[PDB]
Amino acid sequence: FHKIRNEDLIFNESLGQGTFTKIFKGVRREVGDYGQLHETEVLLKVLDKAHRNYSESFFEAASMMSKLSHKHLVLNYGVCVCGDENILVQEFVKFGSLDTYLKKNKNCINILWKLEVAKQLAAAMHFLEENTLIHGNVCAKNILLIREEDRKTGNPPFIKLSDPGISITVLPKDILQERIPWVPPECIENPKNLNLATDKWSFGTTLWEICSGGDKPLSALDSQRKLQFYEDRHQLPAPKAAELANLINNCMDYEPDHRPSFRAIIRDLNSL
C-alpha cells in the first residue's frame, strides 16, 4: 500500500460504521497530476482500537482489491498506520452505499435500473471469479453509487463494489449468524469454507436487496431463527417486484457446487 501521512489527512463527518470500524468523510491534500496541489475528498475507514488485533485482516481485505484494477472496483489510495491508528484511505463515492440509496429512492427505482445495477455487480463478480479472487462480503451496503440514473441523458446508474472488510473467516460466530442470509449455509457450518461459490450465494442475497427497496432479508428473525432458517433449508421470499426471483434462488443454492458461474448469471440477466 501507499503510505499517506497523517498531516495530509483531515477527518470530517462520520459516515457510519462497518464491522469493528468507524467510517468518515475526509480530505487528502496531495500533489496531483502535473504537480498541482489538490484537496481530494476521500473515505476513511478506521479500525477500532479495541479491535486492533484484526489489523492484518482489515488491511488484507483492501489489499485484495488493490492488486486488481477494474471500473467496478473501488479505488484504494492507501493506508495511514502512523501511530496507534489503522486507517484505510479509499475513493469517496458521491452517492454512498446502495442499500441506503435503494431505501431513500425506492419510489422511483424501476426494473431497468435494478437490472442495470445487477448487470454491473455481476460483471464485477465475473472479473473477480475470472481472477479467482474471493470477495467474501457481497452486500448492498458494500455497493457504492458513483452516478445516478439520468433518463434525460439515457445514462444508466454506475456502481462500484467495495472491499469486503474483515474476513468472515476470522469473525466471531455471532457476527456471522447476524449476517445470515448474506453468509452462506456452508460458511455458517464452517467459516473456513470460504470459496468462490460463497460469492454467488451472497450475490443472490444482494439481488434480493436490490429488488426489495433496501429491505434487509430475514431482519425480523433473531440469530437463532436465522440459524433455523438455514437448518430448514428455506429460500428467501420472492420480492414483490419478482422479476429476478428465480435468479436469486438459483444463486442461493444450498449446494455450493450447483451455484451458477457468473457467466451463466450474466447470460440470464441479459435474457431478462
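Note that residue numbering begins at 1 and tracks the sequence as displayed. Rigid core (definition): largest C-alpha set, two forms, superposition within 1.5 Å.
Relative to the displayed structure, the C-alphas of 63 to 71 lie farther away on average in 4 other deposited structures of this protein than those of the other candidate, with 63 to 71 and 218 to 226 compared after rigid core superposition. Stretch comparison, 197 to 205 versus 78 to 86: after rigid core superposition, larger RMS CA deviation in 4 other deposited structures of this protein is found for 78 to 86. Across the two stretches, 259 to 267 and 9 to 17, the PDB entry reports the greater mean Cα temperature factor for 9 to 17. Per the PDB record, of the two stretches 35 to 43 and 242 to 250, 35 to 43 carries the greater mean B-factor over its C-alpha atoms. Out of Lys160, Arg147, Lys114, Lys152, the entry records its largest CA B-factor for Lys152.
Of the candidates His70, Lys216, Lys49, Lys226, the one whose C-alpha carries the top B factor in the deposited record is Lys49. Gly78: CA B factor lies in the middle third for its chain, per the PDB record. In the deposited entry, the Cα temperature factor of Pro191 places it in the middle third of its chain's modelled residues. Among all modelled residues in this chain, the alpha-carbon of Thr206 has a temperature factor (C-alpha) in the lowest third. In the PDB entry, a CA B factor belonging to the lowest third of its chain's modelled residues is recorded for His135.
Annotation for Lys119: C-alpha temperature factor in the lowest third relative to the rest of the modelled chain, per the entry.
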